[PDB]
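J.: Encoded as structure tokens, here's the structure I'll be asking about.
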Amino acid sequence: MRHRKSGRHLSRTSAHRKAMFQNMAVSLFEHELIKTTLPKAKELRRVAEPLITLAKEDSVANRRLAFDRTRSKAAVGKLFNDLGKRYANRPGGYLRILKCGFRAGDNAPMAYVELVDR
Amino acid sequence: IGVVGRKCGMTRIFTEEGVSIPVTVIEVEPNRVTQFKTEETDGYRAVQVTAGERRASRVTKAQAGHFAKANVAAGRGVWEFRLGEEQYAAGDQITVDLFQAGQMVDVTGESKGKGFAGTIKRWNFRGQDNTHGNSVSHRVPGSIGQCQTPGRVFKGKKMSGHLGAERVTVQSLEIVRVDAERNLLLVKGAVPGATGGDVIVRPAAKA
Amino acid sequence: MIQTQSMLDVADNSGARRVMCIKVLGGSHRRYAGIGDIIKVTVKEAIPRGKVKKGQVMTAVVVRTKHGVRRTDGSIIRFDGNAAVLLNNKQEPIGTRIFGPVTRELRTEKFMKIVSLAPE
Amino acid sequence: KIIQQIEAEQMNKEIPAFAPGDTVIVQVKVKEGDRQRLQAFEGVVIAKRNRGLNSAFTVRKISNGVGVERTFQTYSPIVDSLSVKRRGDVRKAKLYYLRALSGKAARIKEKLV
Amino acid sequence: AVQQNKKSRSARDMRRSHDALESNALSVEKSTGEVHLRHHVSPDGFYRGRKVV
RNA sequence: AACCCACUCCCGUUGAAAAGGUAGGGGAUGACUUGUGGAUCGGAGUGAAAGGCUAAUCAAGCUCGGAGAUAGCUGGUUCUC
RNA sequence: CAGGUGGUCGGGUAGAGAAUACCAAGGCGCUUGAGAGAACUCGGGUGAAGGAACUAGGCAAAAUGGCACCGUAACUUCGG
RNA sequence: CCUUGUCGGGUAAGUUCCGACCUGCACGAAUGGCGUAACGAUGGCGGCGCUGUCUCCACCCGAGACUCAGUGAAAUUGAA
RNA sequence: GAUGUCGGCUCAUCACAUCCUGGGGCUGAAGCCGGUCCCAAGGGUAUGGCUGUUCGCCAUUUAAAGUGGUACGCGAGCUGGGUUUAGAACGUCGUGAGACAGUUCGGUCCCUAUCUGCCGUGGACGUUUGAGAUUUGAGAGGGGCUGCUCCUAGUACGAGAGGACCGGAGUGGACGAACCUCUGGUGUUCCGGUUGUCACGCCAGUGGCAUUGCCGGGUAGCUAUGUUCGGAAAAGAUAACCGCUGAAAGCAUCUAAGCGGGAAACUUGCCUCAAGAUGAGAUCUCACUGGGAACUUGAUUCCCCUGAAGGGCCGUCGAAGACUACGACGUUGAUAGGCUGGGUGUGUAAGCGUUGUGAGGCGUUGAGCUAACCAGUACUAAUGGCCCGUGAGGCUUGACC
Ligand SMILES: [Mg+2]
Ligand SMILES: [Mg+2]
Ligand SMILES: [Mg+2]
Ligand SMILES: [Mg+2]
Ligand SMILES: [Mg+2]
Ligand SMILES: [Mg+2]
Ligand SMILES: [Mg+2]
Ligand SMILES: [Mg+2]
Ligand SMILES: [Mg+2]
Ligand SMILES: [Mg+2]
Ligand SMILES: [Mg+2]
Ligand SMILES: [Mg+2]
Ligand SMILES: [Mg+2]
Ligand SMILES: [Mg+2]
Ligand SMILES: [Mg+2]
Ligand SMILES: [Mg+2]
Ligand SMILES: [Mg+2]
Ligand SMILES: [Mg+2]
Ligand SMILES: [Mg+2]
Ligand SMILES: [Mg+2]
Ligand SMILES: [Mg+2]
Ligand SMILES: [Mg+2]
Ligand SMILES: [Mg+2]
Ligand SMILES: [Mg+2]
Ligand SMILES: [Mg+2]
Ligand SMILES: [Mg+2]
Ligand SMILES: [Mg+2]
Ligand SMILES: [Mg+2]
Ligand SMILES: [Mg+2]
Ligand SMILES: [Mg+2]
Ligand SMILES: [Mg+2]
Ligand SMILES: [Mg+2]
């Protein structure tokens, strides 16, 4: 019935969906621009920004909390050293979404995700 | 006449003795008078009444000139109340002051809409079995009509679709408290609609 | 108790040990019976010697249930176990001593007997 | 914020600080027979809500070989007094595992003095 | 189930009268003079007069 | 348990399948299961026997001849005055 | 084309075990995708208080399940 | 057959079940007659545990149904 | 050259020859109860034991557990117990294959809805210039039930037993609508505990897979088993019946003229839709005041300038939603995400320091994490664009300078 409920399913099971947004974030903090699908970008912006907010405070407990949800050495190394310092004085709103055409094969509307200062 | 408010959530107050009164809290913007329909140009006798705060770039020039025959500078919605006999001017102000304790009132409003409901929810039918040999049909409706004569489905048959957000009036609810400082009515019982909706409060005539 | 064929014990000395609901008295089809209502029991398991024989249609009032009794507050008393008290043809009890607590919600004019006989 | 502001005015202080796993004693009012009086109800606390005026706890007593539990509304004018006689560590929030155990198995431990 | 009589040329063409198209949300870029869709990145890579890709 | 078999429910019936599937079942060192090679044939074989099986066909196969079998029985029978 | 097809090889950690749960070697992502999250259908999870009142019938689901020791009835072809 | 024969037991209530009666329309001795421990994916009743079977359904998770792009059947049909 | 047969489930609709409730006449009607017959179809009209059963017989209720029609309602809605194709057996009949309007065990229930119908929901055009908003109600649906106490009053009535009519107050049951403050349920997106194993170079810490691995709890939303509300009062016109005056027919007589009382049925009354009500209604307010030619004259047609009020596409969304539609908003900015404080949930994180040979305990210590909630804040995303809609609103007649 969906009244005042939040979060969308994307026709995947709950363990796929957890392990896919963990994998779209870990590729966004390597290349800083991803050509992805439009409903998958509206829900990437509720996973990525709690990693950038977390990166503004260096700690052994924060570098373990960061590693336990984007599990990679290179993404934790890319945070806490470059990001969380470049974005040191911007309150919220760390990345933007620009709609761009449609897919050739289907009609899946596309979007870019791009970090805001680059 | 009546006052137009908003549903703002249920609460609960206690009396002196110890019982609990379930209370629905209703916020009232003070309501301006737009017209006064007399009986010689219109037939009936009624009054337009308006709640406020609509942005200036959303009113059309047909409505902006209509809200300037009386200096009202009006907002969302225009409702109309049919009345027995009371004089009113063009630009007036109607508050919560005409209510007291006791004073069983009527409360209308749109309900909460459920999308496309089946017959176990819309009409409260019963279900077939779940284990004893039963095929795919577990929550479907049963039969519809008789066989050869009349040969068709009678008009008014109960089938599925749209438990609506249609209008419904709860009848004869009593007022617990009138607050002329925070502009509240407190009504004992249920009030139709979601929170943050729009509601009408009229003095009851069923009695 | 609260439905036909609900095993529930008795809170009485001269009675049986367990009885079973067969009919909820009252209206046309009362489906449930709360605390303070008349049901009709059959005797399912008697004590080796009391007063009531095994397998006899009697009449009882309901005094304790796991669903609870609700007052004009958000305050409910909720026991653990169901319990009845047998009656005669007229609505006076059979036994002498009532076991365990009762509630004060039960006390009406016809039930001033069993409220006085029980340790609440 | 208009029902969040009425609910401050019904709250006038009646209760002390406590937790699940305590042994409180509660003085409740009895209105029967045209004479008000008190009544003591002492047991072990197993639940708590904290919604404001909609706060309510739950206390289990073993009376005459028969269990009973009573859910009290906190800011009622019926719940008058509330005293704490013992407290201990339970490391859980709701003690619903005591609707089964009866005797020496249902002993609240004492890490907490 | 099946039909009992076939449908004529009239009652077949009346069904498909509610079936047309539209995509007219076009926009001319102020700088480059290039046509694209409203609230979309232009096919060269400009959105509201700024190179993004 | 492999392995052989087919007792129950539901799904499927234009099936993924001209007889399956997912869950549960029975036998599992023997009157066992099975690979290769051979023997028995149409009023004739085989059969712990049901009228069962003999190339998706069986109270007597499949194919080509007698044969354009016979039908007091159905259906159809075409340009004008 | 979810079916059918004889024989060898067959590691690691738990386990009596070629059962079962994770993994090595090695191999694959089942040749239409993207949405949104109505009724109803299918395969599943939990449930107040009752506990066969359902029904041709406890059909189906739920429950039981391990190893060691104690303990064990009528009846009998004296093995059970 | 008449028939839910009559009598006792079990249930608050038993056309089935168990034990007897003899008036066997129409039992009966190798088309065997009466008993019988152990075995039945066997027929019929009863009981404990157990439960969404049920009073009466409420909620959640997947695959379809619905919308968009690609491909694209079937039975049926004197004419509307 | 096929109309699928008994009982059950689901969903029903009409009749009145009335089971209950409503109004009355007569009684061998004292009172409480009844018996019988006229008027009345508004709403109601049981759970079980046994049987394939409808039926029936029982146990226990209740205000009452009505009788019939609709292919003995209803299988392109369900079941398949009965009848019931092939297997097997008893009793009887026939020498035999076999049979019985006799019993007993086992046995596959097919379909993607084209049209009428129905329940929901949109597009096109119309309403005589065009828009925005508010409405009268012709007409049509929804609803309609009842117990037990207590006061009247242990009064009227009656040897006594037993016990009321009319009126009033109370709180239950069955059904319905709304609604989550309470009491619970669910809550695979929140927080813990724990088992086997693989991994991140190892120890610590943590993450995959095992039905959400198995469980303890639980916010928002949704929901009933929870919470609240409902059925009327009254007015008209009547049915059966009860009359008042009164002739024909000097009396009598409720009727022929005249004049009343009269029940849940009828018409309003209460809730909802409702101008496609082609008879297309009514009020307030807003907008638009440029030519030319052809040919014919409500003058028509074309050419060129002009496109207003407004609406739509598009974007951010919504307690609105299958798609649509509706509602809120687009930098005139709090529409959605993030951020900062709360609130709620869960139950003292890691790291260090200690105590111990060790698991573990203790300062660390109401810690840390916290989805859907509340309040604020332009940090990111809602682009000062395009398309539609024009240019003063026909003619007759009456009033009206
Ligand atoms: Mg998993
Ligand atoms: Mg909705
Ligand atoms: Mg099913
Ligand atoms: Mg007809
Ligand atoms: Mg204990
Ligand atoms: Mg094989
Ligand atoms: Mg096996
Ligand atoms: Mg075996
Ligand atoms: Mg045969
Ligand atoms: Mg063959
Ligand atoms: Mg010849
Ligand atoms: Mg021939
Ligand atoms: Mg192995
Ligand atoms: Mg349950
Ligand atoms: Mg339980
Ligand atoms: Mg039954
Ligand atoms: Mg039964
Ligand atoms: Mg079973
Ligand atoms: Mg002999
Ligand atoms: Mg023999
Ligand atoms: Mg065998
Ligand atoms: Mg398509
Ligand atoms: Mg035919
Ligand atoms: Mg009649
Ligand atoms: Mg029929
Ligand atoms: Mg069928
Ligand atoms: Mg049919
Ligand atoms: Mg009426
Ligand atoms: Mg380790
Ligand atoms: Mg792995
Ligand atoms: Mg109009
Ligand atoms: Mg404009």
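Identifiers for the structure tokens are assigned positionally: chains receive A, B, ... in sequence, residues are indexed from 1 per chain, and ligands are indexed from 1 in the order shown.
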Name the residues of chain C that come out as helix (DSSP H, G or I) in a backbone DSSP run; write them as a list in words.

T.: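 The helix (DSSP H, G or I) subset of chain C is residues 104, 105, 106, 109, 110, 111, 112, 113, 114, 115 and 116 of chain C.
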
J.: For ligand 21, return the neighbouring residues as a list in words (distance at most 10 Å; only C-alpha atoms (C1' of nucleotides) and all ligand atoms).

T.: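 Those within range of ligand 21 are residues 26 and 27 of chain F; 39, 40, 41 and 42 of chain H.
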
J.: Please extract the residues at most 12 Å from ligand 14, counting only C-alpha atoms (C1' of nucleotides) and all ligand atoms, and provide them as number ranges by chain, using the chain letters and residue numbers of this document.

T.: G: 46-51, 62; H: 51-58; I: 185, 225

J.: Show me which residues are within 12 Å of ligand 20 counting only C-alpha atoms (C1' of nucleotides) and all ligand atoms, and format the list as a PyMOL selection string.

T.: chain H and resi 29-34

J.: Hey, which residues come within 12 Å of ligand 31 if we count only C-alpha atoms (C1' of nucleotides) and all ligand atoms? Could you give them as a PyMOL selection string?

T.: chain I and resi 127+135-136+275+277+280-283

J.: Kindly work out which residues sit at most 9 Å from ligand 4, using only C-alpha atoms (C1' of nucleotides) and all ligand atoms, and give the list as a ChimeraX atom specification.

T.: /B:149-152

J.: Which residues form the shell of 9 Å around ligand 32 when you count only C-alpha atoms (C1' of nucleotides) and all ligand atoms, given as a PDB file with N, CA and C atoms (P, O5', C5', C4', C3', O3' and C1' of nucleotides), in the first residue's frame?

T.:
```
ATOM      1  P     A I 308       0.046  34.831 -25.695  1.00  0.00           P
ATOM      2  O5'   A I 308      -0.463  35.578 -24.390  1.00  0.00           O
ATOM      3  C5'   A I 308      -0.359  36.990 -24.301  1.00  0.00           C
ATOM      4  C4'   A I 308      -1.653  37.649 -23.878  1.00  0.00           C
ATOM      5  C3'   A I 308      -2.433  36.977 -22.767  1.00  0.00           C
ATOM      6  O3'   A I 308      -1.885  37.243 -21.490  1.00  0.00           O
ATOM      7  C1'   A I 308      -3.913  37.658 -24.475  1.00  0.00           C
ATOM      8  P     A I 309      -1.499  36.036 -20.510  1.00  0.00           P
ATOM      9  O5'   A I 309      -2.863  35.711 -19.770  1.00  0.00           O
ATOM     10  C5'   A I 309      -3.588  36.742 -19.132  1.00  0.00           C
ATOM     11  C4'   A I 309      -5.026  36.352 -18.936  1.00  0.00           C
ATOM     12  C3'   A I 309      -5.260  35.019 -18.264  1.00  0.00           C
ATOM     13  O3'   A I 309      -5.116  35.087 -16.859  1.00  0.00           O
ATOM     14  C1'   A I 309      -6.681  35.226 -20.132  1.00  0.00           C
ATOM     15  P     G I 310      -3.869  34.383 -16.143  1.00  0.00           P
ATOM     16  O5'   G I 310      -3.798  32.955 -16.817  1.00  0.00           O
ATOM     17  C5'   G I 310      -4.529  31.881 -16.261  1.00  0.00           C
ATOM     18  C4'   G I 310      -5.286  31.112 -17.309  1.00  0.00           C
ATOM     19  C3'   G I 310      -4.843  29.689 -17.521  1.00  0.00           C
ATOM     20  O3'   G I 310      -5.258  28.811 -16.493  1.00  0.00           O
ATOM     21  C1'   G I 310      -5.175  30.704 -19.605  1.00  0.00           C
TER      22        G I 310
END
```

J.: Taking only C-alpha atoms (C1' of nucleotides) and all ligand atoms and a cut-off of 9 Å, can you tell me which residues surround ligand 13, written as a PyMOL selection string?

T.: chain G and resi 11-12+18

J.: Once you have the residues from the selection above, write them out as a PDB file, in the first residue's frame, restricted to N, CA, C and O atoms (P, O5', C5', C4', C3', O3' and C1' of nucleotides).

T.:
```pdb
ATOM      1  P     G G  11      39.210 -37.466  -2.351  1.00  0.00           P
ATOM      2  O5'   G G  11      40.195 -36.437  -1.643  1.00  0.00           O
ATOM      3  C5'   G G  11      41.591 -36.485  -1.895  1.00  0.00           C
ATOM      4  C4'   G G  11      42.227 -35.117  -1.854  1.00  0.00           C
ATOM      5  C3'   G G  11      41.942 -34.271  -0.629  1.00  0.00           C
ATOM      6  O3'   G G  11      42.697 -34.639   0.509  1.00  0.00           O
ATOM      7  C1'   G G  11      41.653 -32.954  -2.545  1.00  0.00           C
ATOM      8  P     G G  12      41.998 -34.667   1.952  1.00  0.00           P
ATOM      9  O5'   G G  12      41.753 -33.135   2.287  1.00  0.00           O
ATOM     10  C5'   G G  12      42.851 -32.261   2.459  1.00  0.00           C
ATOM     11  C4'   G G  12      42.412 -30.882   2.858  1.00  0.00           C
ATOM     12  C3'   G G  12      41.576 -30.799   4.112  1.00  0.00           C
ATOM     13  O3'   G G  12      42.358 -30.877   5.286  1.00  0.00           O
ATOM     14  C1'   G G  12      40.597 -29.471   2.433  1.00  0.00           C
ATOM     15  P     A G  18      33.210 -39.358   3.180  1.00  0.00           P
ATOM     16  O5'   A G  18      32.345 -39.056   1.884  1.00  0.00           O
ATOM     17  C5'   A G  18      32.677 -39.654   0.644  1.00  0.00           C
ATOM     18  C4'   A G  18      31.648 -39.372  -0.422  1.00  0.00           C
ATOM     19  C3'   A G  18      30.202 -39.583  -0.009  1.00  0.00           C
ATOM     20  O3'   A G  18      29.357 -38.805  -0.856  1.00  0.00           O
ATOM     21  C1'   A G  18      30.777 -41.169  -1.633  1.00  0.00           C
TER      22        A G  18
END
```

J.: Around ligand 7, which protein and nucleic acid residues have at least one atom no more than 12 Å from it, if we count only C-alpha atoms (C1' of nucleotides) and all ligand atoms? List them as a list in words.

T.: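 Those residues are residues 1, 2, 3, 4, 5, 24, 25, 26, 27 and 28 of chain F; 19 of chain G.
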
J.: Excluding same-chain residues fewer than 6 positions from residue H:61, what lies within 9 Å of it counting only C-alpha atoms (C1' of nucleotides), as JSON, numbers by chain?

T.: {"A": [13, 14], "G": [44, 45], "I": [188, 212]}

J.: Please produce a file of the residues just selected, as a PDB file, in the first residue's frame, where the atoms kept are N, CA and C atoms (P, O5', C5', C4', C3', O3' and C1' of nucleotides).

T.:
```pdb
ATOM      1  N   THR A  13      16.869  -9.325  -4.729  1.00  0.00           N
ATOM      2  CA  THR A  13      16.728  -9.764  -3.353  1.00  0.00           C
ATOM      3  C   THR A  13      17.532  -8.854  -2.431  1.00  0.00           C
ATOM      4  N   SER A  14      17.305  -9.005  -1.128  1.00  0.00           N
ATOM      5  CA  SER A  14      17.851  -8.050  -0.173  1.00  0.00           C
ATOM      6  C   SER A  14      19.351  -8.199   0.040  1.00  0.00           C
TER       7      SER A  14
ATOM      8  P     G G  44       6.560 -24.035  -0.401  1.00  0.00           P
ATOM      9  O5'   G G  44       6.668 -22.589   0.249  1.00  0.00           O
ATOM     10  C5'   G G  44       6.968 -22.420   1.623  1.00  0.00           C
ATOM     11  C4'   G G  44       7.903 -21.260   1.842  1.00  0.00           C
ATOM     12  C3'   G G  44       7.823 -20.592   3.197  1.00  0.00           C
ATOM     13  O3'   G G  44       8.493 -21.299   4.218  1.00  0.00           O
ATOM     14  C1'   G G  44       7.794 -18.942   1.543  1.00  0.00           C
ATOM     15  P     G G  45       7.864 -21.331   5.687  1.00  0.00           P
ATOM     16  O5'   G G  45       8.177 -19.883   6.249  1.00  0.00           O
ATOM     17  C5'   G G  45       9.504 -19.500   6.556  1.00  0.00           C
ATOM     18  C4'   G G  45       9.546 -18.160   7.241  1.00  0.00           C
ATOM     19  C3'   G G  45       8.653 -18.000   8.455  1.00  0.00           C
ATOM     20  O3'   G G  45       9.163 -18.592   9.634  1.00  0.00           O
ATOM     21  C1'   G G  45       8.370 -16.146   7.051  1.00  0.00           C
TER      22        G G  45
ATOM     23  P     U I 188      12.317  -6.039   9.650  1.00  0.00           P
ATOM     24  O5'   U I 188      13.316  -6.965   8.842  1.00  0.00           O
ATOM     25  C5'   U I 188      12.830  -7.797   7.799  1.00  0.00           C
ATOM     26  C4'   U I 188      13.958  -8.457   7.050  1.00  0.00           C
ATOM     27  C3'   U I 188      14.328  -7.827   5.718  1.00  0.00           C
ATOM     28  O3'   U I 188      15.728  -8.009   5.514  1.00  0.00           O
ATOM     29  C1'   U I 188      13.633 -10.050   5.365  1.00  0.00           C
ATOM     30  P     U I 212      16.182 -16.941   2.051  1.00  0.00           P
ATOM     31  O5'   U I 212      16.721 -16.238   3.372  1.00  0.00           O
ATOM     32  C5'   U I 212      15.932 -15.300   4.095  1.00  0.00           C
ATOM     33  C4'   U I 212      16.784 -14.509   5.053  1.00  0.00           C
ATOM     34  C3'   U I 212      17.402 -15.320   6.188  1.00  0.00           C
ATOM     35  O3'   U I 212      18.703 -14.818   6.472  1.00  0.00           O
ATOM     36  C1'   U I 212      16.135 -13.556   7.085  1.00  0.00           C
TER      37        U I 212
END
```

J.: List the neighbours of residue I:92 out to 9 Å using only C-alpha atoms (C1' of nucleotides); skip same-chain residues closer than 5 positions along the sequence, and give me the result as an NGL selection string.

T.: (:H and (26)) or (:I and (100 or 102))

J.: Can you write just those residues out, C-alpha atoms (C1' of nucleotides), as a PDB file, in the first residue's frame?

T.:
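The file below, selection-v6.pdb, is the result:
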```pdb
ATOM      1  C1'   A H  26     -29.435 -65.223   1.465  1.00  0.00           C
TER       2        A H  26
ATOM      3  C1'   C I 100     -28.253 -57.917  -9.697  1.00  0.00           C
ATOM      4  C1'   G I 102     -28.207 -55.948  -3.530  1.00  0.00           C
TER       5        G I 102
END
```

J.: Using only C-alpha atoms (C1' of nucleotides) and all ligand atoms, find each residue with an atom at most 7 Å away from ligand 24 and format the answer as a VMD selection string.

T.: chain I and resid 16 39 to 40

J.: Step by step, measure atom-to-atom distances between ligand 26 and each residue using only C-alpha atoms (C1' of nucleotides) and all ligand atoms, keep those at most 12 Å, then write them as JSON, numbers by chain.

T.: {"B": [133, 134, 135, 136, 137], "F": [13], "I": [4, 75, 76, 77, 78, 79, 80, 109, 110, 111]}

J.: Could you save the residues just selected, with C-alpha atoms (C1' of nucleotides), as a PDB file, in the first residue's frame?

T.:
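In the end it all went to out.pdb:
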```pdb
ATOM      1  CA  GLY B 133      -8.596 -30.182  -2.169  1.00  0.00           C
ATOM      2  CA  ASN B 134      -8.951 -26.565  -3.223  1.00  0.00           C
ATOM      3  CA  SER B 135      -7.598 -25.351  -6.561  1.00  0.00           C
ATOM      4  CA  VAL B 136      -6.138 -21.937  -7.406  1.00  0.00           C
ATOM      5  CA  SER B 137      -9.226 -20.135  -6.053  1.00  0.00           C
TER       6      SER B 137
ATOM      7  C1'   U F  13      -2.861 -29.108 -18.990  1.00  0.00           C
TER       8        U F  13
ATOM      9  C1'   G I   4     -21.845 -31.850 -17.637  1.00  0.00           C
ATOM     10  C1'   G I  75     -18.616 -26.675 -11.784  1.00  0.00           C
ATOM     11  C1'   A I  76     -15.574 -21.149 -19.116  1.00  0.00           C
ATOM     12  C1'   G I  77     -16.563 -19.865  -9.318  1.00  0.00           C
ATOM     13  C1'   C I  78     -14.421 -24.344  -6.009  1.00  0.00           C
ATOM     14  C1'   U I  79     -14.893 -29.457  -4.187  1.00  0.00           C
ATOM     15  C1'   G I  80     -15.773 -34.862  -5.974  1.00  0.00           C
ATOM     16  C1'   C I 109     -12.716 -32.618 -13.161  1.00  0.00           C
ATOM     17  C1'   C I 110     -10.044 -29.051 -19.797  1.00  0.00           C
ATOM     18  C1'   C I 111     -10.072 -23.132 -21.571  1.00  0.00           C
TER      19        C I 111
END
```

J.: Could you pull out the strand (DSSP E) residues of stretch 17-97 of chain D, going by DSSP on the backbone, and write them as a ChimeraX atom specification?

T.: /D:23-32,35-48,56-63,66-73,79-84

J.: I need the chosen residues saved as a tab-separated table (two decimals), in the first residue's frame, with C-alpha atoms.

T.:
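Below is the file that was written, selection.tsv:
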```tsv
chain	number	residue	atom	x	y	z
D	23	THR	CA	11.35	-4.71	42.24
D	24	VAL	CA	9.08	-1.70	42.60
D	25	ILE	CA	6.15	-1.16	44.95
D	26	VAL	CA	3.18	0.79	43.58
D	27	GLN	CA	0.43	2.62	45.48
D	28	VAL	CA	-2.75	2.71	43.40
D	29	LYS	CA	-6.13	4.24	44.16
D	30	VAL	CA	-9.24	2.14	44.77
D	31	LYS	CA	-12.59	3.78	44.07
D	32	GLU	CA	-15.26	1.40	45.34
D	35	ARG	CA	-14.68	5.65	49.70
D	36	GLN	CA	-11.29	6.15	48.09
D	37	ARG	CA	-8.34	4.24	49.52
D	38	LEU	CA	-4.93	2.97	48.49
D	39	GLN	CA	-3.58	-0.48	47.63
D	40	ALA	CA	-0.02	-1.79	47.39
D	41	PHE	CA	1.06	-3.77	44.32
D	42	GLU	CA	4.63	-5.05	44.42
D	43	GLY	CA	6.38	-7.11	41.77
D	44	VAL	CA	9.17	-7.16	39.21
D	45	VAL	CA	9.27	-4.76	36.24
D	46	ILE	CA	9.54	-6.28	32.75
D	47	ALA	CA	8.70	-3.54	30.23
D	48	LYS	CA	8.85	0.18	29.44
D	56	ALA	CA	3.70	2.77	30.37
D	57	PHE	CA	5.48	0.05	32.32
D	58	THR	CA	4.58	-3.52	33.28
D	59	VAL	CA	5.09	-5.39	36.56
D	60	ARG	CA	4.72	-9.11	37.36
D	61	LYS	CA	3.51	-10.44	40.71
D	62	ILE	CA	3.08	-14.05	41.86
D	63	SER	CA	-0.07	-13.83	44.00
D	66	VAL	CA	-1.07	-17.67	40.45
D	67	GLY	CA	0.80	-15.28	38.20
D	68	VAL	CA	-0.60	-11.88	37.30
D	69	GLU	CA	0.80	-8.91	35.45
D	70	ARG	CA	-0.46	-5.37	35.35
D	71	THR	CA	0.31	-2.67	32.81
D	72	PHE	CA	0.32	0.80	34.39
D	73	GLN	CA	-0.03	4.10	32.60
D	79	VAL	CA	-0.64	5.60	39.68
D	80	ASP	CA	0.23	7.66	42.76
D	81	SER	CA	3.53	6.48	44.25
D	82	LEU	CA	6.47	4.47	42.99
D	83	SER	CA	9.34	3.29	45.18
D	84	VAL	CA	12.33	1.12	44.29
```

J.: Measuring atom to atom with only C-alpha atoms, identify which of A:47, A:110, A:52, A:4 is nearest to chain B.

T.: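 Ranked by minimum distance to chain B, first place goes to A:4.
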